[PDB]
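Residue numbers (the entry's author numbering): 21 to 438. Note that beta-carbon positions come from the ideal geometry of N, C-alpha and C, so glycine has one too. One structure is given below, encoded as structure tokens.
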Amino acid sequence: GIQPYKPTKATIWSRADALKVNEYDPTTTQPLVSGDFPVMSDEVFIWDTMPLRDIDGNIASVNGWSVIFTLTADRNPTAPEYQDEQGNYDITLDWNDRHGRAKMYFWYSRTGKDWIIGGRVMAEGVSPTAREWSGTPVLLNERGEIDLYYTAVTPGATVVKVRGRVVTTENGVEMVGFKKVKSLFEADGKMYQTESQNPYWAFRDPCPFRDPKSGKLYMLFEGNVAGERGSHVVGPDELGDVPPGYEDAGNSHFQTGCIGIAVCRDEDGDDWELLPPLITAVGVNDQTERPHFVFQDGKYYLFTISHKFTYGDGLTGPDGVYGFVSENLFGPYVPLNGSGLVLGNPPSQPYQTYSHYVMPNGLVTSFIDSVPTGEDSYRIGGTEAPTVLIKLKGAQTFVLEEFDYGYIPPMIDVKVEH
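Put into structure tokens, the structure is as follows:
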């Protein structure tokens with residue numbers, strides 16, 4: 021007979037879930053970043069860091085070389101625009117302008133740390149947009165071919181990919197042939213919110229993967245739930261099971277973040293179909309960024325990075341990593357630790373790190389944003405934070421151990437020749 025299945029539906033991250041967020045849980049707090057942190061480059065800022073990996077999620081070295089891709093922007097210490105009234109460079113202005121001048125670089129190391137700069141991935145004139153925002157570099161084969169999935173930003177925000185090849189020698193690593201950017205998809209307006217619907221719409225951070233159960237190719241990304249900005253309703257399902265006195269959703273219908281998913285028609289990641297969202301946060305948070313999976317214990321651990329500032333009215337929580345777990349790719353998902361919070365910044369250093377990436381070995385990489393150094397003073401990072409090990413256990417997570425700055429060891433090594 022027909023075995024009926026429950027239909028797939030978006031999992032709602034509700035206001036009632038978010039009321040469980042604990043900013044003071046030592047099991048879900050990032051270790052404090054030291055004010056004396058080292059800086060990896062005196063020429064560029066980096067932030068979002070995207071380790072080379074295969075389609076199954078394995079962090080990969082090539083001929084023993086670890087490789088990371090970074091969003092990168094020049095430091096501009098002599099720019100007149102960044103000189104304060106006393107004629108001194110204000111790093112904060114330069115750092116704040118990184119997003120508008122973002123480009124993909126690569127770095128490499130035989131130790132998984134102490135990164136050596138490789139330079140821009142795509143030569144001048146290749147990128148069809150003003151900015152290159154984050155994605156995933158997928159190592160495809162023993163020829164060293166890579167599909168770099170990324171976000172082409174301005175005009176629009178489009179999920180694209182560009183094919184190239186990594187080449188190694190005993191002195192280091194080169195990225196060749198990244199010449200032909202291919203459009204995959206943009207926001208549709210019925211499932212995912214468009215720029216016409218919201219000038220502040222999100223559509224970015226593609227995370228392709230092969231589903232370990234079906235072997236089909238899918239891709240996560242950050243979006244917003246379709247509809248005109250301000251038209252969404254925080255109904256009973258978005259509110260969830262709030263306790264007495266917590267019924268007022270305020271103006272939270274303006275916060276409409278979601279984790280999207282697309283499916284590929286082929287093994288090559290060429291032709292994609294948009295699917296309805298996996299997770300929605302209407303009334304809870306506007307930014308479910310950098311969605312990514314760990315597959316563990318036959319379960320799907322779905323992580324997303326968010327900000328205190330993008331929470332709905334009446335709710336708060338830290339910058340950092342949030343997540344959900346399901347037995348099945350298409351849900352239903354439940355919030356990790358009851359609230360969703362996996363790894364929040366400490367409230368004494370609330371902006372110390374961002375754009376965390378949970379790797380399947382449990383190591384979590386992040387970049388340093390702003391670290392306080394006194395009552396008033398603070399340092400800007402634009403460099404790697406200490407890596408942190410977490411443990412995933414059922415619907416719980418636990419912070420375990422801090423590692424060196426930017427420690428991103430490989431899970432597999434791939435032998436590359438061409």
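Whole-number beta carbon distance between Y377 and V345, since they are thought to touch under 8 Å: That belief does not hold up - the Cβ atoms of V345 and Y377 are roughly 18 Å apart, past 8 Å.
Assigned exposure category for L349 - 16 Cβ within 10 Å defines buried: Under the 10 Å beta carbon count, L349 is surrounded by 16 or more other beta carbons and is classified as buried.
Beta-carbon contacts of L72 that lie in its chain and below 6 Å, excluding the five residues immediately before and after: Spatial neighbours of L72 in its own chain (CB-CB distance under 6 Å, excluding positions within 5 residues in sequence) are listed in chain order as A80, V87, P157, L159.
Rounded separation between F126 and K26 - CA only: Rounded to whole angstroms, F126 and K26 show a C-alpha spacing of 44 Å.
Per-residue burial, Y220 [other beta carbons within 10 Å of its own, 16 or more giving buried]: When all chains shown are included, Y220 counts as exposed.
Neighbourhood of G265 by C-beta distance below 6 Å, restricted to the same chain and skipping five residues each side: Residues of the same chain with their beta carbon placed closer than 6 Å to that of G265 are lacking, with the five preceding and five following residues left out of the count.
CA-to-CA distance, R163 to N271, given in whole angstroms: Distance between the alpha carbons of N271 and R163 is about 53 Å.
Start-to-end residues for the beta strand (DSSP E) that takes in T188: Note, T188: beta strand (DSSP E), 177 to 188.
Chain-order list of residues whose beta-carbon lies under 8 Å from that of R185 (same chain, five-residue window excluded): Excluding the 5 residues flanking it on each side, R185 has same chain C-beta neighbours closer than 8 Å at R163, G164, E165, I166, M195, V196, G197, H438, in chain order.
Three-way DSSP call (helix, strand, coil) for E287 in this model: If DSSP states are grouped into helix, strand and coil, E287 belongs with coil.
Coil, strand or helix - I111 by DSSP: Three-state DSSP puts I111 in a helix.
From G351, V362, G255, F241, residue whose alpha carbon lies closest to that of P311: Selection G351, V362, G255, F241 evaluated against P311 yields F241 as nearest (Cα-Cα).
Distance between beta carbons of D424 and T407, contact taken as under 8 Å: The distance from the Cβ of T407 to that of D424 is about 7 Å, consistent with a contact at the 8 Å cut-off.
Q213 and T276 closer than 8 Å at C-beta: Yes.
Reduced DSSP category for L335 - H, G, I as helix; E, B as strand; rest coil: If DSSP states are grouped into helix, strand and coil, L335 belongs with coil.
6 Å CB neighbourhood of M142 in its chain, flanking five on each side removed: So the list reads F198, once near-sequence residues are dropped.
Length at least 3, wholly inside the region 339 to 382: the beta strand (DSSP E) runs in chain order: DSSP runs (the beta strand (DSSP E)) wholly in the region 339 to 382: 340 to 346, 361 to 364, 373 to 378.
Nearest residue (CA-CA) to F223, options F205, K236, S234: Of the candidates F205, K236, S234, the residue whose Cα lies closest to the Cα of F223 is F205.
Beta carbon of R140 nearer than 8 Å to that of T174: Cβ atoms of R140 and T174: not closer than 8 Å.
Backbone CA spacing between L52 and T336 [nearest angstrom]: Spanning the two alpha carbons is a distance of roughly 20 Å.
Counted within 10 angstroms of its Cβ, other Cβ atoms place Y44 as buried (16 or more) or exposed: When all chains shown are included, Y44 counts as exposed.
Strand pairing of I22, partner residues [DSSP]: DSSP lists no partner for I22.
Cβ shell of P380 (< 6 Å), same chain only, five flanking positions each side left out: The beta carbon of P380 is closer than 6 Å to those of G77, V314 in its chain, skipping five residues each way along the sequence.
For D37, the first and last residue of its enclosing alpha helix (DSSP H): In this chain, the alpha helix (DSSP H) harbouring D37 covers 35 to 38.
Within 8 Å, strictly: CB atoms of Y342 and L361: Annotated as proximal: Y342 and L361, with beta-carbon spacing under 8 Å.
Residue span of the beta strand (DSSP E) that contains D134, given as start and end: Per DSSP, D134 lies in no beta strand (DSSP E) segment and is marked neither H nor E.
Whole-angstrom distance between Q23 and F65, CA atom to CA atom: Cα to Cα, the separation comes out at about 54 Å.
Cβ-based burial, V253 [other Cβ within 10 Å; buried from 16]: With fewer than 16 neighbouring CB atoms inside 10 Å of its own CB, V253 falls in the exposed class.
Alpha-carbon spacing of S368 relative to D225, whole angstroms: Cα to Cα, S368 sits roughly 29 Å from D225.
Residue burial classification, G414 (beta-carbon count within 10 angstroms, cutoff 16): So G414 counts as exposed.
CA nearest to the CA of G260, picked from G382, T28, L39: Its Cα nearest to that of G260, the residue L39 stands out among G382, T28, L39.
Supposed contact pair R35 and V262 - C-beta distance, whole angstroms, cut 8 Å: Taking a contact as a CB-CB distance under 8 Å, the pair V262 and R35 counts as one, their CB atoms being some 6 Å apart.
CB-CB length for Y353 against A282, believed under 8 Å: Actually they are not in contact, since the Cβ atoms of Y353 and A282 sit about 18 Å apart, beyond 8 Å.
Within 8 Å, strictly: CB atoms of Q217 and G255: Cβ distance not < 8 Å, so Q217 and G255 don't count as in contact.
Among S234, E347, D286, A269, the one whose alpha carbon lies nearest that of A301: If we check each option's Cα against that of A301, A269 comes out closest.
Delimiting residues of the alpha helix (DSSP H) encompassing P256: Start and end: 256 to 259.
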